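Enquirer: If it helps, the file is called work38.cif and holds mmCIF, C-alpha atoms (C1' of nucleotides):
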data_final
#
loop_
_atom_site.label_atom_id
_atom_site.label_comp_id
_atom_site.auth_asym_id
_atom_site.auth_seq_id
_atom_site.Cartn_x
_atom_site.Cartn_y
_atom_site.Cartn_z
CA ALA Q 1 -17.43 22.45 -30.67
CA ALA Q 2 -20.59 23.50 -28.85
CA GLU Q 3 -22.50 24.26 -32.06
CA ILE Q 4 -22.35 25.71 -35.58
CA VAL Q 5 -23.48 29.31 -36.04
CA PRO Q 6 -23.85 31.54 -39.13
CA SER Q 7 -20.97 33.88 -39.91
CA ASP Q 8 -19.71 36.17 -42.66
CA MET Q 9 -15.95 35.87 -42.05
CA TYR Q 10 -15.65 32.38 -43.57
CA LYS Q 11 -16.38 30.80 -46.93
CA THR Q 12 -18.65 28.06 -45.58
CA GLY Q 13 -20.95 30.73 -44.18
CA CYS Q 14 -20.73 29.12 -40.74
CA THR Q 15 -18.27 28.95 -37.87
CA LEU Q 16 -17.95 26.83 -34.75
CA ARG Q 17 -18.72 27.97 -31.21
CA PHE Q 18 -16.12 27.20 -28.54
CA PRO Q 19 -13.80 25.16 -30.80
CA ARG Q 20 -10.93 23.11 -29.41
CA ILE Q 21 -8.58 20.40 -30.66
CA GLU Q 22 -9.18 16.88 -29.37
CA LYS Q 23 -6.52 15.06 -31.40
CA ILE Q 24 -4.19 15.59 -34.36
CA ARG Q 25 -5.06 12.47 -36.33
CA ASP Q 26 -1.94 10.77 -37.69
CA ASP Q 27 -4.01 7.94 -39.22
CA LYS Q 28 -6.30 10.06 -41.44
CA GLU Q 29 -5.11 11.22 -44.85
CA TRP Q 30 -5.74 14.71 -46.18
CA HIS Q 31 -8.30 13.46 -48.71
CA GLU Q 32 -10.46 11.95 -45.94
CA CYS Q 33 -11.48 15.42 -44.77
CA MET Q 34 -15.07 16.42 -44.19
CA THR Q 35 -17.06 17.79 -47.11
CA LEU Q 36 -19.45 20.71 -47.40
CA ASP Q 37 -22.30 18.22 -47.81
CA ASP Q 38 -21.50 16.49 -44.53
CA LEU Q 39 -21.19 19.85 -42.76
CA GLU Q 40 -24.58 20.95 -44.08
CA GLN Q 41 -26.12 17.65 -42.99
CA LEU Q 42 -24.65 18.01 -39.49
CA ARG Q 43 -25.79 21.64 -39.29
CA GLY Q 44 -29.35 20.77 -40.27
CA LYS Q 45 -29.60 17.57 -38.24
CA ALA Q 46 -30.13 19.23 -34.84
CA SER Q 47 -30.64 22.96 -35.52
CA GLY Q 48 -26.88 23.55 -35.35
CA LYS Q 49 -26.34 22.15 -31.86
CA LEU Q 50 -23.71 19.41 -31.89
CA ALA Q 51 -25.23 17.67 -28.83
CA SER Q 52 -28.21 15.65 -30.04
CA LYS Q 53 -28.38 12.17 -28.51
CA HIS Q 54 -29.36 11.37 -24.93
CA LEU Q 55 -27.22 10.19 -22.05
CA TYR Q 56 -28.04 6.61 -21.05
CA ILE Q 57 -27.33 4.58 -17.93
"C1'" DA J 1 -16.62 30.77 -22.74
"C1'" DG J 2 -12.48 26.72 -22.94
"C1'" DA J 3 -7.76 24.58 -22.28
"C1'" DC J 4 -3.15 24.38 -20.64
"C1'" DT J 5 0.67 25.99 -17.30
"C1'" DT J 6 2.32 27.38 -12.71
"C1'" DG J 7 2.17 27.80 -7.67
"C1'" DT J 8 0.70 26.12 -3.01
"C1'" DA J 9 -0.73 22.76 0.14
"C1'" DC J 10 -1.76 17.97 1.62
"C1'" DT J 11 -1.41 12.77 2.08
"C1'" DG J 12 0.49 8.14 1.36
"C1'" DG J 13 4.26 5.20 0.47
"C1'" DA J 14 9.52 4.16 0.28
"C1'" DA J 15 13.42 3.89 2.74
"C1'" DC J 16 16.13 3.80 6.85
"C1'" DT J 17 16.81 2.69 11.82
"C1'" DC J 18 16.10 0.59 16.38
"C1'" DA J 19 13.75 -2.73 19.57
"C1'" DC J 20 12.18 -7.03 20.39
"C1'" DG J 21 11.42 -11.88 19.39
"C1'" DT J 22 12.67 -16.56 17.71
"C1'" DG J 23 15.71 -20.15 16.04
"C1'" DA J 24 19.79 -22.85 16.10
"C1'" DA J 25 24.27 -24.07 18.07
"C1'" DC J 26 27.89 -25.16 22.24
"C1'" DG J 27 31.36 -25.67 26.46
"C1'" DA J 28 31.05 -27.11 30.98
"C1'" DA J 29 28.85 -29.67 34.79
"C1'" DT J 30 26.34 -33.58 36.19
"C1'" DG J 31 24.26 -38.07 35.91
"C1'" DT J 32 24.27 -42.61 34.15
"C1'" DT J 33 26.48 -46.82 32.43
"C1'" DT J 34 30.14 -50.23 32.21
#
What would the structure in this file look like if it were written as structure tokens?

Expert:
Amino acid sequence: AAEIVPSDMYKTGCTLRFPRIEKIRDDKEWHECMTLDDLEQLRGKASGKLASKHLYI
DNA sequence: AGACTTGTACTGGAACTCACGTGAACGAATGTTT
């Protein structure tokens, strides 16, 4: 997703911008899902934008 | 916005075919030897 933005249609209080599926993980169990704490940490890490680090070459 | 599906056009390689070249083999004539 491009970023995480506030919303009122979802329980987490936030929704993704431009979401798309990259892979249906057949190796991850259901209990390995993200947690609200991790989502809050990711949201606060870079002001909601999911692109933080710098391209290198 | 983004991602996939469908339609059009193009280019390169596979396959097939013909032309040309090279290699080996041979019956008959001629020359040489006995």

Enquirer: Write down, as an NGL selection string, each residue of chain Q that has any atom within 9 Å of an atom of chain J, counting only C-alpha atoms (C1' of nucleotides).

Expert: :Q and (18-20)

Enquirer: One decimal, in Å: what's the spacing between CA of residue 4 (chain Q) and CA of residue 26 (chain Q)?

Expert: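 Distance between the two atoms: 25.4 Å.
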
Enquirer: One decimal, in Å: what's the spacing between CA of residue 34 (chain Q) and CA of residue 9 (chain Q)?

Expert: 19.6 Å

Enquirer: Apply the PyMOL selection byres ((chain Q and resi 15) around 7) to the structure shown and report the selected residues as number ranges by chain.

Expert: Q: 4-7, 14, 16-17

Enquirer: Mind giving me the straight-line distance from CA of residue 41 (chain Q) to CA of residue 13 (chain Q) in Å, one decimal?

Expert: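 CA of residue 41 (chain Q) sits 14.1 Å away from CA of residue 13 (chain Q).
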